[PDB]
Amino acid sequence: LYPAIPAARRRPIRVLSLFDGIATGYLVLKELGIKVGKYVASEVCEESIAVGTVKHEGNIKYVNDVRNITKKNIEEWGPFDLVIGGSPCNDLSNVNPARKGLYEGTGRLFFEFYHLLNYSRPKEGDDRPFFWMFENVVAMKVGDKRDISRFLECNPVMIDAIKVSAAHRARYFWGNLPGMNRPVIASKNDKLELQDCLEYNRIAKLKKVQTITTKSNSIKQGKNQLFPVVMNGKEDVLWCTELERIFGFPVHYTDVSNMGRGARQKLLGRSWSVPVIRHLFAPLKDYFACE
């Protein structure tokens, strides 16, 4: 729907990342070769921000709370060529029995993405390119998936990370990016099965692990809670560097802020599958400058 841009007419991309987490979006864009002119990140977890500032060396402007962003801020920090976000799903995902849905607890933070998206939307008569994307879990009440699609005026496309990573991760993706319904294809550098993500002298019991959450129980596979890795003939859980390779992040990406195992899995459990996001952001290279 968006017209093609001549290569010389392309300019660096200006991104508004809400609920930025560990700066997955910025990481994907930089490894795609896209020149990033501005990356505004709304995030409130110090450890998450620590990862983004350190691994990206202050190229990210943090704007702490999304509920404290004003219409003036969107115009001041703008214009934005890309508005990405993943709302917290602890009150939306079916894994939580006491989830409060979309209108109570943490689910209502979705509407903050809806609110600031309309602020960032080009005014009537501005045919400049503009792309956005919203991600959330599949295991979500039908009323929530219905209402989210209504506020965004768009229907989601499910992309399971199982096709490009070593883990189950079924996620919904609202957006207007070029070719989102396109078939997901594996890359030459995608570590597809668990053995590709492990360290030396470690053996993988399974070829593909179940969905990884923030809790340590999701590492133990199946309904009989098996340790997914054997080392020196002893059952052992995944290592943080291995969880990173499963998600597609660079090794030691979450080796920040003296974080131990528990904290690093908490940040990765919320994050995006990098090869999935690369699949989504790939056709943006034909609209923005490269480097």
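When you see a residue number, it is the position in the sequence shown, counting from 1. Just so we're on the same page, rigid core means the largest C-alpha set that superposes within 1.5 Å between forms.
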query: Between 247-255 and 225-233, the one whose CA atoms sit farther away in 4 other deposited structures of this protein (rigid core aligned); finding: 225-233
query: Stretch with greater C-alpha deviation in 4 other deposited structures of this protein, 89-97 versus 158-166 (rigid core superposition); finding: 89-97
query: Entries skipping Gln210: at least a third of other ones; finding: no
query: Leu194 unmodelled in at least a third of other compared entries; finding: no
query: Mean Cα B-factor comparison, 201-209 or 188-196, giving the higher one as deposited; finding: 188-196
query: Per the entry, higher mean C-alpha B factor between 43-51 and 28-36; finding: 28-36
query: Peak C-alpha temperature factor (PDB record), options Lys61, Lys223, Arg261, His252; finding: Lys223
query: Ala166 CA temperature factor, ranked by third within the chain; finding: lowest
query: Modelled-residue ranking by C-alpha temperature factor, third containing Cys154; finding: middle
query: Chain-relative CA temperature factor third for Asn68; finding: highest
query: Chain-relative CA temperature factor third for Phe111; finding: middle
query: Where the record places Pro275 (Cα B-factor, split into thirds across the chain); finding: middle
